[PDB]
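S.K.: Following this line is run29.pdb, made up of PDB, C-alpha atoms:
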```pdb
ATOM      1  CA  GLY A 119      40.959  50.263  18.918  1.00  0.00           C
ATOM      2  CA  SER A 120      40.256  53.801  20.133  1.00  0.00           C
ATOM      3  CA  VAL A 121      41.635  57.256  21.005  1.00  0.00           C
ATOM      4  CA  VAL A 122      41.110  56.471  24.730  1.00  0.00           C
ATOM      5  CA  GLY A 123      37.336  57.080  24.315  1.00  0.00           C
ATOM      6  CA  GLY A 124      38.311  60.716  23.457  1.00  0.00           C
ATOM      7  CA  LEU A 125      40.358  62.099  26.382  1.00  0.00           C
ATOM      8  CA  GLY A 126      42.790  65.082  26.560  1.00  0.00           C
ATOM      9  CA  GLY A 127      46.110  63.352  25.914  1.00  0.00           C
ATOM     10  CA  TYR A 128      45.527  60.384  28.249  1.00  0.00           C
ATOM     11  CA  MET A 129      45.913  56.687  27.309  1.00  0.00           C
ATOM     12  CA  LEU A 130      43.812  53.637  28.215  1.00  0.00           C
ATOM     13  CA  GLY A 131      45.545  50.786  30.065  1.00  0.00           C
ATOM     14  CA  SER A 132      44.900  47.393  28.515  1.00  0.00           C
ATOM     15  CA  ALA A 133      42.889  44.912  30.534  1.00  0.00           C
ATOM     16  CA  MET A 134      44.790  43.138  33.290  1.00  0.00           C
ATOM     17  CA  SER A 135      44.019  40.488  35.938  1.00  0.00           C
ATOM     18  CA  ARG A 136      42.262  42.251  38.846  1.00  0.00           C
ATOM     19  CA  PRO A 137      44.522  42.361  41.943  1.00  0.00           C
ATOM     20  CA  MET A 138      43.482  41.026  45.316  1.00  0.00           C
ATOM     21  CA  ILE A 139      43.283  43.990  47.685  1.00  0.00           C
ATOM     22  CA  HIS A 140      42.082  43.753  51.276  1.00  0.00           C
ATOM     23  CA  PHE A 141      39.937  46.349  53.156  1.00  0.00           C
ATOM     24  CA  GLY A 142      40.020  45.299  56.840  1.00  0.00           C
ATOM     25  CA  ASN A 143      36.218  45.159  57.074  1.00  0.00           C
ATOM     26  CA  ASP A 144      35.339  41.545  56.244  1.00  0.00           C
ATOM     27  CA  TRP A 145      32.242  42.747  54.350  1.00  0.00           C
ATOM     28  CA  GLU A 146      34.338  45.035  52.102  1.00  0.00           C
ATOM     29  CA  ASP A 147      36.810  42.185  51.520  1.00  0.00           C
ATOM     30  CA  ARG A 148      33.961  39.800  50.710  1.00  0.00           C
ATOM     31  CA  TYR A 149      31.986  42.401  48.671  1.00  0.00           C
ATOM     32  CA  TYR A 150      35.159  43.248  46.675  1.00  0.00           C
ATOM     33  CA  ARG A 151      36.075  39.617  45.860  1.00  0.00           C
ATOM     34  CA  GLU A 152      32.384  38.876  45.016  1.00  0.00           C
ATOM     35  CA  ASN A 153      32.207  41.773  42.511  1.00  0.00           C
ATOM     36  CA  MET A 154      35.794  42.352  41.151  1.00  0.00           C
ATOM     37  CA  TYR A 155      34.591  41.759  37.533  1.00  0.00           C
ATOM     38  CA  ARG A 156      31.800  44.393  37.704  1.00  0.00           C
ATOM     39  CA  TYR A 157      34.631  46.985  37.798  1.00  0.00           C
ATOM     40  CA  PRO A 158      36.732  47.736  34.680  1.00  0.00           C
ATOM     41  CA  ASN A 159      39.714  45.519  33.825  1.00  0.00           C
ATOM     42  CA  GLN A 160      41.559  48.578  32.460  1.00  0.00           C
ATOM     43  CA  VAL A 161      42.693  52.000  33.816  1.00  0.00           C
ATOM     44  CA  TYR A 162      43.285  55.478  32.244  1.00  0.00           C
ATOM     45  CA  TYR A 163      46.408  57.705  32.680  1.00  0.00           C
ATOM     46  CA  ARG A 164      48.722  60.466  31.258  1.00  0.00           C
ATOM     47  CA  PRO A 165      52.123  59.878  29.537  1.00  0.00           C
ATOM     48  CA  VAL A 166      54.848  60.048  32.144  1.00  0.00           C
ATOM     49  CA  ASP A 167      57.208  61.957  29.743  1.00  0.00           C
ATOM     50  CA  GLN A 168      55.327  65.091  30.780  1.00  0.00           C
ATOM     51  CA  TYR A 169      55.580  64.570  34.588  1.00  0.00           C
ATOM     52  CA  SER A 170      56.371  60.971  35.818  1.00  0.00           C
ATOM     53  CA  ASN A 171      54.837  61.563  39.308  1.00  0.00           C
ATOM     54  CA  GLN A 172      53.407  58.646  41.293  1.00  0.00           C
ATOM     55  CA  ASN A 173      50.968  60.764  43.354  1.00  0.00           C
ATOM     56  CA  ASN A 174      49.629  62.908  40.487  1.00  0.00           C
ATOM     57  CA  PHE A 175      49.501  59.771  38.269  1.00  0.00           C
ATOM     58  CA  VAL A 176      47.424  57.607  40.688  1.00  0.00           C
ATOM     59  CA  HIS A 177      45.322  60.591  41.955  1.00  0.00           C
ATOM     60  CA  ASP A 178      44.202  61.242  38.330  1.00  0.00           C
ATOM     61  CA  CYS A 179      44.399  57.559  37.151  1.00  0.00           C
ATOM     62  CA  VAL A 180      41.639  56.670  39.622  1.00  0.00           C
ATOM     63  CA  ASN A 181      39.351  59.722  39.101  1.00  0.00           C
ATOM     64  CA  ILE A 182      39.767  59.505  35.290  1.00  0.00           C
ATOM     65  CA  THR A 183      38.995  55.742  35.267  1.00  0.00           C
ATOM     66  CA  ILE A 184      36.145  56.303  37.804  1.00  0.00           C
ATOM     67  CA  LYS A 185      34.898  59.011  35.315  1.00  0.00           C
ATOM     68  CA  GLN A 186      35.345  57.268  31.936  1.00  0.00           C
ATOM     69  CA  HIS A 187      33.864  53.936  33.016  1.00  0.00           C
ATOM     70  CA  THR A 188      31.208  56.088  34.845  1.00  0.00           C
ATOM     71  CA  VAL A 189      30.449  58.107  31.640  1.00  0.00           C
ATOM     72  CA  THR A 190      30.740  55.681  28.688  1.00  0.00           C
ATOM     73  CA  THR A 191      28.773  53.104  30.811  1.00  0.00           C
ATOM     74  CA  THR A 192      26.322  55.360  32.727  1.00  0.00           C
ATOM     75  CA  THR A 193      25.403  56.458  29.131  1.00  0.00           C
ATOM     76  CA  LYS A 194      23.949  52.873  29.052  1.00  0.00           C
ATOM     77  CA  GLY A 195      22.793  51.499  32.453  1.00  0.00           C
ATOM     78  CA  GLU A 196      25.672  51.870  34.905  1.00  0.00           C
ATOM     79  CA  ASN A 197      25.882  53.978  38.111  1.00  0.00           C
ATOM     80  CA  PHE A 198      28.527  52.788  40.606  1.00  0.00           C
ATOM     81  CA  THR A 199      27.624  54.154  44.063  1.00  0.00           C
ATOM     82  CA  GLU A 200      30.103  55.095  46.865  1.00  0.00           C
ATOM     83  CA  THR A 201      30.418  51.484  48.072  1.00  0.00           C
ATOM     84  CA  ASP A 202      31.067  50.234  44.535  1.00  0.00           C
ATOM     85  CA  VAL A 203      33.391  53.150  43.707  1.00  0.00           C
ATOM     86  CA  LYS A 204      35.427  52.333  46.867  1.00  0.00           C
ATOM     87  CA  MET A 205      36.110  48.879  45.398  1.00  0.00           C
ATOM     88  CA  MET A 206      36.646  50.214  41.890  1.00  0.00           C
ATOM     89  CA  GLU A 207      39.081  52.899  43.212  1.00  0.00           C
ATOM     90  CA  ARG A 208      41.234  50.218  44.850  1.00  0.00           C
ATOM     91  CA  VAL A 209      41.060  47.817  41.890  1.00  0.00           C
ATOM     92  CA  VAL A 210      42.054  50.517  39.356  1.00  0.00           C
ATOM     93  CA  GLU A 211      44.575  52.112  41.823  1.00  0.00           C
ATOM     94  CA  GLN A 212      46.489  48.885  42.475  1.00  0.00           C
ATOM     95  CA  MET A 213      46.403  48.279  38.677  1.00  0.00           C
ATOM     96  CA  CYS A 214      47.516  51.947  38.250  1.00  0.00           C
ATOM     97  CA  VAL A 215      50.597  51.415  40.477  1.00  0.00           C
ATOM     98  CA  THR A 216      51.856  48.994  37.777  1.00  0.00           C
ATOM     99  CA  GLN A 217      50.796  51.248  34.869  1.00  0.00           C
ATOM    100  CA  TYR A 218      52.899  54.199  36.091  1.00  0.00           C
ATOM    101  CA  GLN A 219      55.889  51.893  36.575  1.00  0.00           C
ATOM    102  CA  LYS A 220      55.469  50.542  32.986  1.00  0.00           C
ATOM    103  CA  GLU A 221      55.150  54.003  31.387  1.00  0.00           C
ATOM    104  CA  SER A 222      58.235  55.238  33.279  1.00  0.00           C
ATOM    105  CA  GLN A 223      60.284  51.994  32.928  1.00  0.00           C
ATOM    106  CA  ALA A 224      59.520  51.921  29.193  1.00  0.00           C
ATOM    107  CA  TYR A 225      60.680  55.557  28.883  1.00  0.00           C
ATOM    108  CA  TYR A 226      63.782  54.709  30.995  1.00  0.00           C
ATOM    109  CA  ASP A 227      64.818  51.627  29.034  1.00  0.00           C
ATOM    110  CA  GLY A 228      62.555  50.660  26.075  1.00  0.00           C
ATOM    111  CA  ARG A 229      62.131  54.368  25.178  1.00  0.00           C
ATOM    112  CA  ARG A 230      62.333  53.618  21.412  1.00  0.00           C
ATOM    113  CA  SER A 231      58.995  52.052  20.439  1.00  0.00           C
ATOM    114  CA  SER A 232      61.341  48.981  20.273  1.00  0.00           C
TER
END
```
Go ahead and render the structure in this file as structure tokens.

M.R.:
Amino acid sequence: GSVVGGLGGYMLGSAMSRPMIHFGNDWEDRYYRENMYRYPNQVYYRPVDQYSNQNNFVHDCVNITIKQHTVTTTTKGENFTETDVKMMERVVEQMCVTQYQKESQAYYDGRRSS
């Protein structure tokens, strides 16, 4: 259990089932579904109380995930190239689309820590 791996007021987003996303190119589709589990199961994001955008959430959500899991893993052996990042972007983006909704929804409804 961590402080987000030490980010500036972000949160981590607990591991979730990777979504199926399609890419039009059959090789991207096949490469994605072959390799979905190389990518992180989690995403990273900012508390919506400050801003609650979709665009600024997902635009940072991706880059932040594609940085953290490219920092705390390239520190070991990782280095996801452009092709791999394209898949990872989508995987963490489509997972991000939920994460924003949860943060917001929670603050709109369950805003109490229960």

S.K.: Could you tell me which residues the PyMOL selection byres ((chain A and resi 212-224) around 12) grabs in this file, written as a PyMOL selection string?

M.R.: chain A and resi 128-140+157-183+205-211+225-232

S.K.: Between atom CA of residue A:202 and atom CA of residue A:154, what is the distance, to one decimal in Å?

M.R.: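 The value is 9.8 Å.
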
S.K.: Kindly give the distance, in Å, that separates atom CA of residue A:186 and atom CA of residue A:120, rounded to a single decimal.

M.R.: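 Atom CA of residue A:186 sits 13.2 Å away from atom CA of residue A:120.
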
S.K.: Choose the residue, out of A:119, A:188, A:197, A:204, that has the smallest atom-to-atom separation from residue A:141; count only C-alpha atoms.

M.R.: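 When distances to residue A:141 are compared using only C-alpha atoms, the smallest one comes from A:204.
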
S.K.: Tell me, in Å to one decimal, how far atom CA of residue A:189 is from atom CA of residue A:123.

M.R.: 10.1 Å

S.K.: Determine the axis-aligned bounding box of all atoms of stretch 197-206 of chain A present in the file, pad each side by 5 Å, and express its centre and edge lengths in Å to one decimal place as AutoDock Vina command-line options.

M.R.:
```
--center_x 31.3 --center_y 52.0 --center_z 43.1 --size_x 20.8 --size_y 16.2 --size_z 20.0
```

S.K.: Add whatever atoms are absent from stretch 199-225 of chain A to reach N, CA and C atoms, and provide the output as a PDB file, in the frame of the given file.

M.R.:
```
ATOM      1  N   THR A 199      27.745  53.390  42.830  1.00  0.00           N
ATOM      2  CA  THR A 199      27.624  54.154  44.063  1.00  0.00           C
ATOM      3  C   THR A 199      28.918  54.180  44.878  1.00  0.00           C
ATOM      4  N   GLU A 200      28.954  54.924  45.991  1.00  0.00           N
ATOM      5  CA  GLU A 200      30.103  55.095  46.865  1.00  0.00           C
ATOM      6  C   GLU A 200      30.704  53.746  47.256  1.00  0.00           C
ATOM      7  N   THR A 201      29.876  52.758  47.619  1.00  0.00           N
ATOM      8  CA  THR A 201      30.418  51.484  48.072  1.00  0.00           C
ATOM      9  C   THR A 201      31.173  50.782  46.942  1.00  0.00           C
ATOM     10  N   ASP A 202      30.637  50.908  45.739  1.00  0.00           N
ATOM     11  CA  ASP A 202      31.067  50.234  44.535  1.00  0.00           C
ATOM     12  C   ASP A 202      32.318  50.940  44.023  1.00  0.00           C
ATOM     13  N   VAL A 203      32.284  52.272  44.015  1.00  0.00           N
ATOM     14  CA  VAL A 203      33.391  53.150  43.707  1.00  0.00           C
ATOM     15  C   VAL A 203      34.551  52.860  44.638  1.00  0.00           C
ATOM     16  N   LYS A 204      34.348  52.687  45.946  1.00  0.00           N
ATOM     17  CA  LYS A 204      35.427  52.333  46.867  1.00  0.00           C
ATOM     18  C   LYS A 204      36.191  51.107  46.367  1.00  0.00           C
ATOM     19  N   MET A 205      35.475  50.075  45.922  1.00  0.00           N
ATOM     20  CA  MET A 205      36.110  48.879  45.398  1.00  0.00           C
ATOM     21  C   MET A 205      36.827  49.185  44.101  1.00  0.00           C
ATOM     22  N   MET A 206      36.142  49.891  43.204  1.00  0.00           N
ATOM     23  CA  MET A 206      36.646  50.214  41.890  1.00  0.00           C
ATOM     24  C   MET A 206      37.915  51.051  42.022  1.00  0.00           C
ATOM     25  N   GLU A 207      37.943  52.048  42.911  1.00  0.00           N
ATOM     26  CA  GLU A 207      39.081  52.899  43.212  1.00  0.00           C
ATOM     27  C   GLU A 207      40.271  52.013  43.498  1.00  0.00           C
ATOM     28  N   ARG A 208      40.141  51.083  44.449  1.00  0.00           N
ATOM     29  CA  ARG A 208      41.234  50.218  44.850  1.00  0.00           C
ATOM     30  C   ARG A 208      41.680  49.375  43.673  1.00  0.00           C
ATOM     31  N   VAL A 209      40.753  48.683  43.010  1.00  0.00           N
ATOM     32  CA  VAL A 209      41.060  47.817  41.890  1.00  0.00           C
ATOM     33  C   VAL A 209      41.857  48.595  40.838  1.00  0.00           C
ATOM     34  N   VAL A 210      41.389  49.768  40.396  1.00  0.00           N
ATOM     35  CA  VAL A 210      42.054  50.517  39.356  1.00  0.00           C
ATOM     36  C   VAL A 210      43.323  51.186  39.874  1.00  0.00           C
ATOM     37  N   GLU A 211      43.406  51.546  41.151  1.00  0.00           N
ATOM     38  CA  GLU A 211      44.575  52.112  41.823  1.00  0.00           C
ATOM     39  C   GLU A 211      45.699  51.088  41.858  1.00  0.00           C
ATOM     40  N   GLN A 212      45.442  49.884  42.362  1.00  0.00           N
ATOM     41  CA  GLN A 212      46.489  48.885  42.475  1.00  0.00           C
ATOM     42  C   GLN A 212      46.962  48.462  41.072  1.00  0.00           C
ATOM     43  N   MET A 213      46.057  48.452  40.085  1.00  0.00           N
ATOM     44  CA  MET A 213      46.403  48.279  38.677  1.00  0.00           C
ATOM     45  C   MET A 213      47.177  49.498  38.147  1.00  0.00           C
ATOM     46  N   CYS A 214      46.842  50.708  38.600  1.00  0.00           N
ATOM     47  CA  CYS A 214      47.516  51.947  38.250  1.00  0.00           C
ATOM     48  C   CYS A 214      48.978  51.968  38.698  1.00  0.00           C
ATOM     49  N   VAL A 215      49.259  51.464  39.901  1.00  0.00           N
ATOM     50  CA  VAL A 215      50.597  51.415  40.477  1.00  0.00           C
ATOM     51  C   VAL A 215      51.551  50.712  39.512  1.00  0.00           C
ATOM     52  N   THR A 216      51.107  49.648  38.840  1.00  0.00           N
ATOM     53  CA  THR A 216      51.856  48.994  37.777  1.00  0.00           C
ATOM     54  C   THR A 216      51.982  49.917  36.564  1.00  0.00           C
ATOM     55  N   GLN A 217      50.869  50.455  36.084  1.00  0.00           N
ATOM     56  CA  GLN A 217      50.796  51.248  34.869  1.00  0.00           C
ATOM     57  C   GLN A 217      51.783  52.415  34.849  1.00  0.00           C
ATOM     58  N   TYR A 218      51.890  53.159  35.947  1.00  0.00           N
ATOM     59  CA  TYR A 218      52.899  54.199  36.091  1.00  0.00           C
ATOM     60  C   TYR A 218      54.295  53.620  35.928  1.00  0.00           C
ATOM     61  N   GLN A 219      54.588  52.529  36.642  1.00  0.00           N
ATOM     62  CA  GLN A 219      55.889  51.893  36.575  1.00  0.00           C
ATOM     63  C   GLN A 219      56.211  51.524  35.128  1.00  0.00           C
ATOM     64  N   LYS A 220      55.284  50.899  34.393  1.00  0.00           N
ATOM     65  CA  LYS A 220      55.469  50.542  32.986  1.00  0.00           C
ATOM     66  C   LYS A 220      55.772  51.763  32.145  1.00  0.00           C
ATOM     67  N   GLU A 221      54.951  52.817  32.207  1.00  0.00           N
ATOM     68  CA  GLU A 221      55.150  54.003  31.387  1.00  0.00           C
ATOM     69  C   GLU A 221      56.572  54.523  31.606  1.00  0.00           C
ATOM     70  N   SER A 222      56.937  54.733  32.873  1.00  0.00           N
ATOM     71  CA  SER A 222      58.235  55.238  33.279  1.00  0.00           C
ATOM     72  C   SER A 222      59.341  54.297  32.811  1.00  0.00           C
ATOM     73  N   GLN A 223      59.336  53.046  33.269  1.00  0.00           N
ATOM     74  CA  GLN A 223      60.284  51.994  32.928  1.00  0.00           C
ATOM     75  C   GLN A 223      60.529  51.942  31.428  1.00  0.00           C
ATOM     76  N   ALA A 224      59.459  51.917  30.639  1.00  0.00           N
ATOM     77  CA  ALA A 224      59.520  51.921  29.193  1.00  0.00           C
ATOM     78  C   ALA A 224      60.314  53.146  28.758  1.00  0.00           C
ATOM     79  N   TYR A 225      59.941  54.344  29.206  1.00  0.00           N
ATOM     80  CA  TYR A 225      60.680  55.557  28.883  1.00  0.00           C
ATOM     81  C   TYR A 225      62.097  55.619  29.460  1.00  0.00           C
TER      82      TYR A 225
END
```
